[PDB]
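Heads up: the structure comes next, in structure tokens.
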There are 2 protein chains.
Amino acid sequence: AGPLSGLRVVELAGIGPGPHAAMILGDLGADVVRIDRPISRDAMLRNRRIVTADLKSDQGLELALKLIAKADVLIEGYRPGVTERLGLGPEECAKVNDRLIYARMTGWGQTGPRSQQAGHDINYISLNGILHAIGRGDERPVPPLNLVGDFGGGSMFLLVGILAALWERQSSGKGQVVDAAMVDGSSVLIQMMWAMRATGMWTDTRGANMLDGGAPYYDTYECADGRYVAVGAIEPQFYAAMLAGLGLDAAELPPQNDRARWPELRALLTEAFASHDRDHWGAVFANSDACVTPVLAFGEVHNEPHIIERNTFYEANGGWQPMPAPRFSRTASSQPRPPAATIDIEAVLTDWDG
Amino acid sequence: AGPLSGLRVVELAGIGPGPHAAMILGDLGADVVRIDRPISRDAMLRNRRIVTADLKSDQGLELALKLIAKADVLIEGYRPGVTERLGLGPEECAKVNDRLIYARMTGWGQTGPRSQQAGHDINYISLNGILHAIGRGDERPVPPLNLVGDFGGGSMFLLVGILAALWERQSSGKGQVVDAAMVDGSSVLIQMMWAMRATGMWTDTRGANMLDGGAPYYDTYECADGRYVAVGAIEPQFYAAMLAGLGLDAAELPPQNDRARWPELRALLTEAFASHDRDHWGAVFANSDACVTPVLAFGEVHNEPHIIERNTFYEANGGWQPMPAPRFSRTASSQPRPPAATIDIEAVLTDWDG
Ligand SMILES: CCCCCCCCCCCC[C@@H](C)C(=O)SCCNC(=O)CCNC(=O)[C@H](O)C(C)(C)COP(=O)(O)OP(=O)(O)OC[C@H]1O[C@@H](n2cnc3c(N)ncnc32)[C@H](O)[C@@H]1OP(=O)(O)O
């Protein structure tokens with residue numbers, strides 16, 4: 001259905017960014033075959049075919065190399081050296097398929113003093129300034145779940161890597177190795193802060209910048225029911241619209257960008273938002289340019305009309321899953337196929353004519 | 001010198017995800033031409049040629065269509081309808097270039113009850129459950145900068161769309177429109193949590209899950225010097241290594257996953273970490289699998305040897321900026337070319353033959 005219809009992807013079963021990257025390829029129509037160790041309830045494994053092989057046996061390695069020989073992309077998220085030892089390194093795969101985009105998904109990268117060291121998202125964004133920038137200033141840093149290292153600065157960059165190399169392959173006729181490190185990707189994800197730091201527009205003080213919570217017009221507020229709204233009214237005209245819905249006289253308030261009076265401004269805004277329930281503000285702004293929105297819990301998302309009308313989610317059995325993003329006007333993506341039964345690796349090899 | 005060498009991109013000057021998406025294309029070797037209104041210190045504007053046009057004028061519109069006519073990709077991030085009213089909408093562009101990938105970068109999407117409504121990253125993640133999940137449980141949610149909406153679920157999905165549509169064009173010989181809504185992209189970015197919620201592995205309770213700060217083995221700790229380490233020792237063997245390095249006896253501790261005793265477990269780890277300075281812990285956990293890393297501020301990143309050795313950053317006039325990601329073994333990217341003076345739109349047309 002989607003734009004990636006026809007792309008053949010071999011995924012070497014891992015955790016975090018690799019399976020997320022392979023999911024998105026599958027979402028957009030790619031033919032994704034996942035090799036695991038010898039039906040899943042993990043919705044992330046939608047849009048797959050699962051085969052199983054012992055990659056350490058002679059037989060297991062033979063079939064995998066036959067399946068790789070007929071594929072465009074290979075995704076692996078093991079420590080550097082692992083596929084090399086298995087006999088599935090890029091130098092080995094090239095001998096059977098020099099068009100393969102060999103996509104290596106790691107946190108620390110392929111080389112360097114930390115390249116062989118265990119880690120998780122929180123570690124990768126700890127070394128590059130990111131984690132230090134997240135949270136309130138009166139407290140130790142909070143992890144932004146694993147959104148920044150694993151996915152935003154991880155699978156997403158593997159994805160751009162894969163498709164960019166597929167583009168390069170059109171003219172070269174050949175593939176290459178993509179080295180996607182969470183530490184690199186997340187750095188480029190946050191290039192805006194690096195840019196701002198050079199010009200005095202961002203500081204290393206946590207919780208005291210325009211976009212981290214420090215600004216009263218870009219932060220959440222608790223309402224009378226103990227739920228929250230999000231205020232994002234950066235531009236003066238949107239800020240104006242926000243004060244107008246709150247019924248605050250701007251002449252009575254400190255200026256929007258007088259940072260010396262920010263705690264005063266926040267105390268006034270906090271008093272206003274505390275005077276009514278979330279769904280009141282919910283309704284007072286619902287339609288304006290005030291950049292004020294309800295802070296919905298996951299369990300409330302499916303009831304939001306904008307979410308509903310655009311089909312951002314679909315029901316799997318037992319809960320909502322996000323539909324494929326982004327959206328394409330001519331070759332639209334299908335509703336994802338749920339995880340299905342592990343199939344015979346020989347069936348795939350015949351299908352792919354390997 | 002990257003993989004996207006040869007790719008022609010027109011960027012309509014904007015803010016946030018569009019410009020970040022444009023930068024990454026230029027990073028990977030694309031020929032990006034940014035049309036602005038009638039020399040920048042914004043590092044995000046690297047790898048561009050900048051031209052000027054009044055798109056409200058007859059001459060300016062005409063010039064843009066000549067430029068778009070010779071491009072592969074067009075990036076625009078205005079409210080839906082804005083390009084249509086300028087005479088640069090998808091249907092207008094189709095008439096001069098039906099190979100064009102028309103990439104539309106919004107928060108709320110091209111259609112829907114909120115599609116005409118102003119907003120910013122914090123709004124888009126407020127409506128889909130993401131923001132509610134970020135922060136400590138005792139206090140209101142904290143924005144994870146604009147990493148999640150603008151970039152990870154914003155420009156990154158625009159990029160995936162652009163590149164996937166280009167693969168698609170290989171067989172169809174045609175472009176199409178890419179509708180990248182931040183509200184969609186970020187939901188796919190947090191799909192692991194939608195997976196986990198369905199299987200009893202994630203709760204809507206802020207700050208009480210595996211990866212949100214709720215686990216003592218996945219969080220930051222404050223050290224003797226008032227600086228922090230990140231701990232991410234999820235796996236038992238990594239956890240065991242962590243305890244060893246702290247000098248703690250596992251038989252004297254609650255089990256790693258006895259959530260009932262998590263506050264007990266956290267208190268003991270807190271005491272341990274606070275007994276030495278942050279850099280003591282890096283020394284202690286230098287090469288180990290304890291998943292313990294120093295929480296560095298942006299200003300300190302350039303001193304970290306793993307950062308240094310892998311050339312994750314380059315020095316640009318001003319300060320450090322992230323080098324391109326991900327990395328490619330055969331067609332590697334160049335160090336980004338700095339922002340330069342605005343050039344004559346007509347010289348670009350001569351170059352591109354438009
Ligand atoms: C320092 C802070 C102050 C700077 C501004 C704030 C941004 C800085 C903060 C950092 C990033 C912010 C972060 C949190 C974000 O979320 S960024 C993403 C924000 N959202 C989006 O981009 C979603 C799609 N965009 C939009 O909804 C809206 O463009 C915005 C962003 C809400 C802004 O609203 P707006 O200013 O009314 O813009 P639009 O409604 O698109 O109207 C644009 C008008 O300008 C005109 N225009 C543009 N270029 C030209 C040109 N070269 N020549 C002649 N005219 C030009 C267009 O024709 C259009 O006019 P019209 O259609 O109104 O008649």
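Simple scheme: letters A, B, ... for chains in structure tokens order, numbers from 1 for residues in each chain, numbers from 1 for ligands in the order shown.
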Compile the contact shell of residue 13 in chain B as a PDB file with C-alpha atoms, in the first residue's frame: residues with an atom at most 7 Å away, counting only C-alpha atoms, same-chain residues fewer than 3 positions apart removed.
```pdb
ATOM      1  CA  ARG B  34      15.756  28.442   1.090  1.00  0.00           C
ATOM      2  CA  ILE B  35      13.387  31.174  -0.125  1.00  0.00           C
ATOM      3  CA  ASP B  36      13.008  33.899   2.490  1.00  0.00           C
TER       4      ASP B  36
END
```
Per residue of chain A within 8 Å of ligand 1, what are the shortest atom pair and its distance in Å to one decimal, counting only C-alpha atoms and all ligand atoms, with rows by chain and residue number, as CSV?
```
residue,atom,partner,partner_atom_place_in_ligand_line,distance
A:211,CA,ligand 1,14 (C),7.1
A:232,CA,ligand 1,14 (C),7.1
A:234,CA,ligand 1,6 (C),5.5
A:235,CA,ligand 1,3 (C),5.4
A:289,CA,ligand 1,32 (C),7.9
```
If you count only C-alpha atoms, the residue of A:52, A:117, A:342, A:209 closest to chain B turns out to be A:117
Per DSSP on the backbone, what are the alpha helix (DSSP H) residues of range 295-325 of chain A, as a compact mmCIF listing (two decimals) with N, CA and C atoms, in the first residue's frame?
```
# COMPACT_ATOMS: atom_id res chain seq x y z
N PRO A 305 -11.77 14.86 19.91
CA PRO A 305 -12.24 14.86 18.53
C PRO A 305 -11.19 15.01 17.41
N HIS A 306 -10.16 15.83 17.60
CA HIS A 306 -9.12 15.98 16.57
C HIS A 306 -8.35 14.68 16.35
N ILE A 307 -8.18 13.94 17.43
CA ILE A 307 -7.54 12.62 17.38
C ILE A 307 -8.45 11.66 16.61
N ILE A 308 -9.71 11.62 17.02
CA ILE A 308 -10.72 10.81 16.40
C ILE A 308 -10.87 11.09 14.89
N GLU A 309 -11.11 12.36 14.52
CA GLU A 309 -11.47 12.67 13.14
C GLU A 309 -10.37 12.38 12.13
```
Can you show chain A as a short mmCIF file (atom, residue, chain, number, x, y, z; two decimals) with C-alpha atoms, in the first residue's frame once it has been least-squares superposed onto chain B, using every C-alpha atom paired in order?
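Saved the output as superposed.cif:
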```cif
data_model
loop_
_atom_site.label_atom_id
_atom_site.label_comp_id
_atom_site.auth_asym_id
_atom_site.auth_seq_id
_atom_site.Cartn_x
_atom_site.Cartn_y
_atom_site.Cartn_z
CA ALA A 1 29.82 14.37 -0.42
CA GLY A 2 27.05 12.53 1.45
CA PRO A 3 24.43 10.12 0.05
CA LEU A 4 21.95 12.89 -0.88
CA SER A 5 24.34 14.56 -3.30
CA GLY A 6 22.24 15.61 -6.29
CA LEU A 7 18.89 16.02 -4.57
CA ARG A 8 17.39 19.46 -5.23
CA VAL A 9 15.32 20.86 -2.32
CA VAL A 10 13.28 24.09 -2.18
CA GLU A 11 12.59 25.22 1.41
CA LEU A 12 9.94 27.87 2.20
CA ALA A 13 11.40 29.72 5.20
CA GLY A 14 9.67 28.74 8.45
CA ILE A 15 10.46 27.84 12.06
CA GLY A 16 11.17 24.70 14.07
CA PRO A 17 10.71 21.38 12.22
CA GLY A 18 10.84 22.58 8.61
CA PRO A 19 14.29 24.26 8.80
CA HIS A 20 15.60 21.29 10.88
CA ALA A 21 14.42 18.84 8.23
CA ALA A 22 15.98 20.96 5.49
CA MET A 23 19.23 21.10 7.50
CA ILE A 24 19.57 17.32 7.67
CA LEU A 25 18.97 17.00 3.92
CA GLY A 26 21.74 19.62 3.41
CA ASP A 27 24.03 17.85 5.89
CA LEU A 28 23.76 14.63 3.82
CA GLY A 29 24.66 16.40 0.57
CA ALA A 30 21.38 17.66 -0.92
CA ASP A 31 21.25 20.91 -2.92
CA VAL A 32 18.99 23.01 -0.58
CA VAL A 33 17.72 26.45 -1.70
CA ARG A 34 15.82 28.40 0.95
CA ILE A 35 13.34 31.13 -0.05
CA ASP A 36 12.86 33.83 2.59
CA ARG A 37 10.89 37.12 2.84
CA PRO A 38 12.69 40.33 1.76
CA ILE A 39 24.90 36.21 6.87
CA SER A 40 22.71 34.42 9.45
CA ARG A 41 24.09 33.64 12.93
CA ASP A 42 21.74 30.64 13.23
CA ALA A 43 23.83 27.49 12.73
CA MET A 44 20.67 25.58 11.83
CA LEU A 45 20.82 27.42 8.50
CA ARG A 46 24.05 25.68 7.57
CA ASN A 47 24.28 23.86 4.23
CA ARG A 48 21.93 26.24 2.39
CA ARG A 49 21.70 28.76 -0.32
CA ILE A 50 19.49 31.66 0.67
CA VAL A 51 17.45 33.48 -1.93
CA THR A 52 14.74 36.04 -1.25
CA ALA A 53 11.32 36.63 -2.84
CA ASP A 54 8.01 38.32 -2.13
CA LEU A 55 5.73 35.33 -2.74
CA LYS A 56 2.71 37.62 -2.76
CA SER A 57 3.87 39.58 -5.82
CA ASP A 58 3.39 38.38 -9.40
CA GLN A 59 7.17 38.35 -9.96
CA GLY A 60 7.99 36.55 -6.69
CA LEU A 61 5.54 33.74 -7.44
CA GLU A 62 6.86 33.30 -10.99
CA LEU A 63 10.48 32.66 -9.97
CA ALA A 64 9.54 30.38 -7.07
CA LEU A 65 7.48 28.26 -9.49
CA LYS A 66 10.48 28.18 -11.87
CA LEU A 67 12.70 27.07 -8.98
CA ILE A 68 10.13 24.52 -7.83
CA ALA A 69 9.81 23.22 -11.41
CA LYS A 70 13.43 21.99 -11.24
CA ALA A 71 13.35 20.54 -7.71
CA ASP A 72 12.72 17.16 -6.11
CA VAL A 73 11.36 18.32 -2.77
CA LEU A 74 9.44 21.27 -1.32
CA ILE A 75 9.30 21.94 2.39
CA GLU A 76 6.64 24.19 3.91
CA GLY A 77 5.53 24.62 7.52
CA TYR A 78 2.78 27.26 7.28
CA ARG A 79 -0.89 26.80 8.26
CA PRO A 80 -2.92 24.62 5.88
CA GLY A 81 -4.30 26.85 3.07
CA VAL A 82 -1.37 29.29 3.07
CA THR A 83 0.55 27.98 0.02
CA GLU A 84 -2.82 27.40 -1.68
CA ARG A 85 -3.60 31.16 -1.35
CA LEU A 86 -0.10 32.08 -2.46
CA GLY A 87 -0.59 30.08 -5.65
CA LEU A 88 2.00 27.53 -4.48
CA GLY A 89 -0.36 24.74 -3.42
CA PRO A 90 0.34 21.12 -4.41
CA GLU A 91 -2.28 21.34 -7.18
CA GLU A 92 -0.43 24.34 -8.61
CA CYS A 93 3.09 22.86 -8.28
CA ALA A 94 1.97 19.63 -9.95
CA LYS A 95 1.14 21.56 -13.15
CA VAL A 96 4.81 22.61 -13.36
CA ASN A 97 6.38 19.50 -11.75
CA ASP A 98 4.55 16.18 -11.13
CA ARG A 99 7.73 14.63 -9.66
CA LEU A 100 7.77 17.07 -6.75
CA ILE A 101 7.66 15.61 -3.27
CA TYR A 102 5.48 18.27 -1.66
CA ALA A 103 6.26 18.02 2.03
CA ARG A 104 3.88 19.76 4.41
CA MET A 105 5.10 20.18 7.96
CA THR A 106 2.49 20.97 10.61
CA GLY A 107 1.56 20.19 14.22
CA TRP A 108 -2.17 19.41 13.86
CA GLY A 109 -2.22 18.09 10.26
CA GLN A 110 -3.95 19.33 7.12
CA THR A 111 -7.55 18.83 8.30
CA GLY A 112 -9.52 18.47 11.54
CA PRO A 113 -10.99 20.80 14.18
CA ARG A 114 -7.56 22.08 15.24
CA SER A 115 -5.95 22.27 11.78
CA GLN A 116 -6.21 26.09 11.57
CA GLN A 117 -5.19 26.76 15.17
CA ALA A 118 -1.84 28.22 16.38
CA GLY A 119 0.33 25.97 18.50
CA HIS A 120 3.82 24.93 19.54
CA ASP A 121 5.45 21.61 20.44
CA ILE A 122 4.07 21.64 23.97
CA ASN A 123 0.57 21.82 22.62
CA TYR A 124 0.93 18.91 20.14
CA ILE A 125 2.33 16.53 22.74
CA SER A 126 -0.30 17.65 25.24
CA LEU A 127 -3.18 16.17 23.18
CA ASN A 128 -1.73 12.70 22.60
CA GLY A 129 -0.70 11.57 26.13
CA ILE A 130 3.01 12.34 25.80
CA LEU A 131 3.46 15.42 27.91
CA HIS A 132 1.30 13.92 30.66
CA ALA A 133 3.87 11.08 30.84
CA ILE A 134 6.91 13.34 31.42
CA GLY A 135 8.26 14.50 34.76
CA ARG A 136 8.15 13.65 38.46
CA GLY A 137 4.84 12.38 39.83
CA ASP A 138 4.61 14.83 42.71
CA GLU A 139 4.47 17.79 40.28
CA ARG A 140 2.87 19.09 37.14
CA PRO A 141 4.29 17.78 33.85
CA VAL A 142 7.57 19.19 32.45
CA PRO A 143 8.16 19.82 28.70
CA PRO A 144 11.04 17.65 27.19
CA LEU A 145 12.16 20.88 25.59
CA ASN A 146 10.79 20.76 22.02
CA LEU A 147 12.54 17.52 21.25
CA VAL A 148 9.48 15.25 20.92
CA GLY A 149 7.05 17.30 18.85
CA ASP A 150 9.23 19.58 16.73
CA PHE A 151 12.07 17.21 15.95
CA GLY A 152 11.66 13.54 17.07
CA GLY A 153 7.96 13.43 16.08
CA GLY A 154 8.23 16.28 13.53
CA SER A 155 11.14 17.00 11.19
CA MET A 156 12.26 13.37 11.51
CA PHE A 157 8.94 12.07 10.17
CA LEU A 158 8.94 14.71 7.43
CA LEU A 159 12.35 13.32 6.52
CA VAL A 160 11.23 9.68 6.40
CA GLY A 161 8.25 10.93 4.40
CA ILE A 162 10.43 12.73 1.85
CA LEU A 163 12.90 9.91 1.33
CA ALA A 164 10.20 7.17 1.30
CA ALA A 165 8.36 9.10 -1.42
CA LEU A 166 11.65 9.52 -3.33
CA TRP A 167 11.94 5.72 -3.21
CA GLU A 168 8.35 5.29 -4.45
CA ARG A 169 9.12 7.79 -7.26
CA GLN A 170 11.73 5.44 -8.77
CA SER A 171 9.01 3.03 -9.90
CA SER A 172 6.02 5.39 -10.29
CA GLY A 173 7.97 8.18 -12.00
CA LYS A 174 5.81 10.59 -10.02
CA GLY A 175 5.78 12.51 -6.74
CA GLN A 176 3.04 13.14 -4.16
CA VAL A 177 2.11 15.05 -1.01
CA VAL A 178 3.60 14.24 2.38
CA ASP A 179 1.40 15.31 5.32
CA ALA A 180 3.58 15.25 8.45
CA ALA A 181 1.75 16.25 11.65
CA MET A 182 3.69 16.51 14.95
CA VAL A 183 0.66 14.99 16.68
CA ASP A 184 0.91 11.86 14.46
CA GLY A 185 4.70 11.55 14.33
CA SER A 186 5.10 11.86 18.12
CA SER A 187 2.41 9.23 18.61
CA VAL A 188 4.36 6.82 16.39
CA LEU A 189 7.61 7.88 18.20
CA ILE A 190 6.03 6.66 21.45
CA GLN A 191 4.50 3.49 20.00
CA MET A 192 6.51 1.52 22.57
CA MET A 193 4.40 2.97 25.44
CA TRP A 194 1.15 2.31 23.50
CA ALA A 195 2.30 -1.31 23.04
CA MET A 196 3.26 -1.62 26.72
CA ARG A 197 0.00 -0.08 27.89
CA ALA A 198 -1.94 -2.90 26.14
CA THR A 199 -0.04 -5.55 28.11
CA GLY A 200 0.01 -4.08 31.64
CA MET A 201 3.67 -3.00 31.25
CA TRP A 202 3.08 0.75 31.30
CA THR A 203 0.69 2.80 33.44
CA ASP A 204 -0.75 6.32 33.04
CA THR A 205 0.69 7.27 36.43
CA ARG A 206 3.43 9.82 35.82
CA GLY A 207 6.87 9.04 37.33
CA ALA A 208 6.01 5.50 38.40
CA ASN A 209 7.13 3.36 35.44
CA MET A 210 10.40 1.62 34.39
CA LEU A 211 11.60 4.33 32.01
CA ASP A 212 10.20 7.61 33.26
CA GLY A 213 12.12 7.97 36.52
CA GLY A 214 10.05 5.63 38.76
CA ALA A 215 12.67 2.82 38.77
CA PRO A 216 15.76 3.30 40.98
CA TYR A 217 17.90 1.70 38.28
CA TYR A 218 16.81 4.04 35.51
CA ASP A 219 17.16 7.61 36.89
CA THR A 220 19.66 10.27 37.82
CA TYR A 221 21.35 10.64 41.19
CA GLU A 222 22.97 13.73 42.63
CA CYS A 223 26.54 13.25 43.77
CA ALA A 224 28.61 14.84 46.56
CA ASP A 225 29.55 17.82 44.33
CA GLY A 226 25.90 18.54 43.43
CA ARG A 227 26.44 17.18 39.93
CA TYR A 228 24.63 13.98 38.74
CA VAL A 229 25.13 10.55 37.26
CA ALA A 230 22.67 8.61 35.05
CA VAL A 231 21.89 4.99 36.01
CA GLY A 232 20.45 2.78 33.21
CA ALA A 233 21.04 -0.72 34.53
CA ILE A 234 17.92 -2.54 33.41
CA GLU A 235 19.34 -6.07 32.78
CA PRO A 236 20.25 -8.03 35.96
CA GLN A 237 23.89 -8.46 34.98
CA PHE A 238 24.36 -4.72 34.42
CA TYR A 239 22.49 -3.97 37.69
CA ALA A 240 24.86 -6.47 39.41
CA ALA A 241 27.85 -4.56 38.02
CA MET A 242 26.44 -1.28 39.28
CA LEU A 243 26.00 -2.56 42.86
CA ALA A 244 29.53 -4.02 42.75
CA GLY A 245 31.08 -0.67 41.82
CA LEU A 246 29.05 0.98 44.59
CA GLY A 247 30.25 -1.62 47.12
CA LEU A 248 26.74 -2.54 48.15
CA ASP A 249 25.95 -6.07 49.24
CA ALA A 250 23.03 -7.31 47.14
CA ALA A 251 21.94 -9.62 49.97
CA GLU A 252 21.45 -6.50 52.08
CA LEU A 253 19.27 -4.70 49.45
CA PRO A 254 15.70 -5.16 48.30
CA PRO A 255 15.40 -7.06 45.02
CA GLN A 256 15.87 -4.93 41.88
CA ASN A 257 12.26 -5.33 40.82
CA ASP A 258 10.36 -5.40 44.06
CA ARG A 259 8.37 -2.24 43.47
CA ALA A 260 6.95 -2.21 47.01
CA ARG A 261 10.52 -1.63 48.23
CA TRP A 262 11.65 0.76 45.53
CA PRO A 263 11.72 3.79 47.88
CA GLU A 264 13.97 1.79 50.20
CA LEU A 265 16.21 0.84 47.29
CA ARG A 266 16.41 4.40 46.08
CA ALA A 267 17.30 5.67 49.55
CA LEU A 268 20.23 3.20 49.66
CA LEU A 269 21.42 4.14 46.15
CA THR A 270 21.00 7.85 46.91
CA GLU A 271 23.20 7.45 50.02
CA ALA A 272 25.86 5.61 47.99
CA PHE A 273 26.02 8.15 45.12
CA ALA A 274 25.96 11.04 47.58
CA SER A 275 29.11 9.81 49.30
CA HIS A 276 31.45 10.86 46.44
CA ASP A 277 31.71 13.42 43.59
CA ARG A 278 30.43 12.81 40.03
CA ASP A 279 33.91 12.43 38.63
CA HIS A 280 34.61 9.65 41.18
CA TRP A 281 31.70 7.57 39.90
CA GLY A 282 32.80 9.11 36.71
CA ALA A 283 35.97 7.04 37.17
CA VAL A 284 34.70 3.94 39.09
CA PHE A 285 32.36 2.91 36.23
CA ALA A 286 33.93 4.76 33.27
CA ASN A 287 34.86 1.32 31.82
CA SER A 288 32.19 -1.19 32.94
CA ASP A 289 28.78 -2.51 31.86
CA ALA A 290 27.17 -0.92 34.97
CA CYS A 291 25.26 1.54 32.69
CA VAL A 292 26.33 4.44 34.90
CA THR A 293 27.41 7.67 33.19
CA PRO A 294 28.19 11.29 34.04
CA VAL A 295 25.35 13.76 33.43
CA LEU A 296 27.31 16.40 31.41
CA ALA A 297 26.15 19.97 30.86
CA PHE A 298 26.41 21.24 27.28
CA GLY A 299 29.53 23.30 28.23
CA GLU A 300 31.32 20.10 29.39
CA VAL A 301 30.53 17.91 26.34
CA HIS A 302 33.57 18.92 24.24
CA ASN A 303 35.87 17.55 27.03
CA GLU A 304 34.48 13.98 26.93
CA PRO A 305 36.87 11.58 25.21
CA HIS A 306 34.18 9.45 23.45
CA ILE A 307 32.67 12.67 22.10
CA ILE A 308 36.09 13.91 21.06
CA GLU A 309 37.41 10.71 19.43
CA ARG A 310 34.37 10.17 17.22
CA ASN A 311 34.03 13.82 16.02
CA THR A 312 30.40 14.04 17.15
CA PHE A 313 30.83 17.84 17.16
CA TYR A 314 32.76 20.46 15.22
CA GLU A 315 33.65 24.05 16.05
CA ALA A 316 31.85 26.73 14.14
CA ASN A 317 33.00 30.19 15.17
CA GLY A 318 31.85 30.71 18.77
CA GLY A 319 30.91 27.20 19.81
CA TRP A 320 30.29 23.55 19.10
CA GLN A 321 27.74 22.26 16.59
CA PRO A 322 26.78 18.58 16.03
CA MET A 323 28.32 16.91 12.93
CA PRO A 324 25.91 15.14 10.50
CA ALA A 325 24.17 11.95 11.60
CA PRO A 326 23.95 9.13 10.79
CA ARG A 327 27.29 8.09 9.27
CA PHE A 328 27.89 6.45 5.90
CA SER A 329 30.88 4.30 4.95
CA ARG A 330 31.17 4.96 1.21
CA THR A 331 29.57 8.43 0.71
CA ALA A 332 30.44 10.20 3.98
CA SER A 333 29.01 13.63 4.77
CA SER A 334 31.20 16.76 4.75
CA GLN A 335 31.66 19.18 7.62
CA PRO A 336 28.65 21.51 7.25
CA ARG A 337 29.05 24.75 5.33
CA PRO A 338 28.29 27.71 7.61
CA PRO A 339 25.48 30.18 6.83
CA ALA A 340 26.62 32.42 3.96
CA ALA A 341 25.47 35.59 2.15
CA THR A 342 22.04 35.74 0.47
CA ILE A 343 22.51 35.13 -3.23
CA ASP A 344 20.74 36.25 -6.40
CA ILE A 345 17.81 33.90 -7.15
CA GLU A 346 18.63 34.18 -10.90
CA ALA A 347 22.07 32.66 -10.28
CA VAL A 348 20.43 29.54 -8.80
CA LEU A 349 17.93 29.30 -11.68
CA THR A 350 20.78 29.29 -14.22
CA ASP A 351 22.76 26.79 -12.13
CA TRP A 352 19.70 24.49 -12.03
CA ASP A 353 18.88 25.23 -15.68
CA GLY A 354 15.36 26.46 -14.85
#
```
DSSP-assigned strand (DSSP E) members of range 148-267 of chain A, reported as a ChimeraX atom specification: /A:176-181,218-222,228-232
